[PDB]
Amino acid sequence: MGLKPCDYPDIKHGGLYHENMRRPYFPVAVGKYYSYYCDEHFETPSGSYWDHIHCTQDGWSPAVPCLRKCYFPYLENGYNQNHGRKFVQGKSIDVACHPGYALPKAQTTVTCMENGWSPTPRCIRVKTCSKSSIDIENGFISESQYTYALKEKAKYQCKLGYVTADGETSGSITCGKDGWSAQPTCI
């Protein structure tokens, strides 16, 4: 009898051309295909603003007729190589922020979703702890960098014969939102 038929394609971020003429022939028989467009900021699988949707035995094809098009913005606090490039939905791009800045929080890539970039392509200043605020007697900070990013650890080594609170001859402390995890102890 009938391996039938397909209903009106509710095209997200797009629409069918000649909408008034084609409505109501629906439900539409299999094999029938219609030209459709995609709204601004969106594209067809072929990469154009218009294509053809086909009534398949398993529904409309393509299943996602209109994919988002993402525009890589300028990065004031990062290294720029893609400012102005366009990417189709599902694409992941590497993001290089300047030392001390990171993506939120903290991916190394932004992916183009249907709703736009995920996360937003912008480098935010990372919170830090200063080595100058550290205090240790009978040991020293064996690193030795001045600024530590959140969750980064500051290494310290005790003096000959002294031990930490583990009690080992060396340990570390962690940088947090509230400052250092604690004070190094070498006794």
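From 1 onward, residues are counted along the sequence shown.
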- Comparing 85-93 with 99-107, which stretch shows the greater average C-alpha B-factor in the deposited entry? 99-107
- Which of the two stretches, 57-65 or 41-49, shows the higher mean Cα temperature factor in the record? 57-65
- Note on the structure: Based on the PDB entry, the highest CA temperature factor among the options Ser132, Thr120, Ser35, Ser144 is that of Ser144
- Message: For the chain shown, is the CA B-factor of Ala149 in the lowest, middle or highest third of its modelled residues?
- Response: lowest
- Note on the structure: In terms of its chain's C-alpha B-factors, the third that includes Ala165 is the highest
- Rank-wise, by C-alpha B-factor, drop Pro24 into the lowest, middle or highest third of its chain. highest
- Ranked C-alpha temperature factor of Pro9 among modelled chain residues, by third: highest
